[PDB]
């Protein structure tokens, strides 16, 4: 069972796109979204990883109640939203709290209702509709094994 720490940048329900500057650990308001949309899950990145975009690997965490920007959550992957946009790959690892028995029933991507996966997909397709040049070329959900292999690659990229 793979587990890691996720730093949550943006709580579920937010239109303010907070980001962590990785050099300093400070929270910054990147922008107020130009679309009438809100993050469908708590959103952030996986500590000690490094991705295609220059940043740590993005992460989505399912929670019963959202946290605050900058909060750490020990998490375990259950799938991943593979997306290629105009800038290349920017995949989003879907996770649940690690070590919490209320989430033991969610082990892989099939265990997450289709309604919630569809709404997450909808967010990332459309949230930058009113920012020119942005679009999604592909967007598919893939399973836990895919997520884990992708995490483990991003961890090696970070180390070396």
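Each form is matched to the other, and the largest set of C-alpha atoms that superpose within 1.5 Å is called the rigid core. Positions refer to the first chain, counted from 1.
Averaged as a root mean square over residues and superposed structures in 7 other deposited structures of this protein, CA distances to the shown form are larger in 126-134; the pair compared was 126-134 and 111-119 with a core fit.
Two stretches, 100-108 and 87-95, are weighed by how far their CA atoms sit from the shown form in 7 other deposited structures of this protein after rigid core superposition; the farther one is 87-95.
Higher average CA B factor: 128-136, of the stretches 103-111 and 128-136. Comparing 86-94 with 73-81, the stretch with the higher mean C-alpha B-factor in the PDB entry is 86-94. Of the residues listed, 59, 50, 33, 29, the entry assigns the biggest Cα temperature factor to 50. Placement of the Cα temperature factor of residue 20 within the chain: highest third of the modelled residues, per the deposited record. Residue 150: CA B factor lies in the highest third for its chain, per the PDB record. Residue 116: CA B factor in the middle third of modelled residues in this chain (values from the PDB entry).
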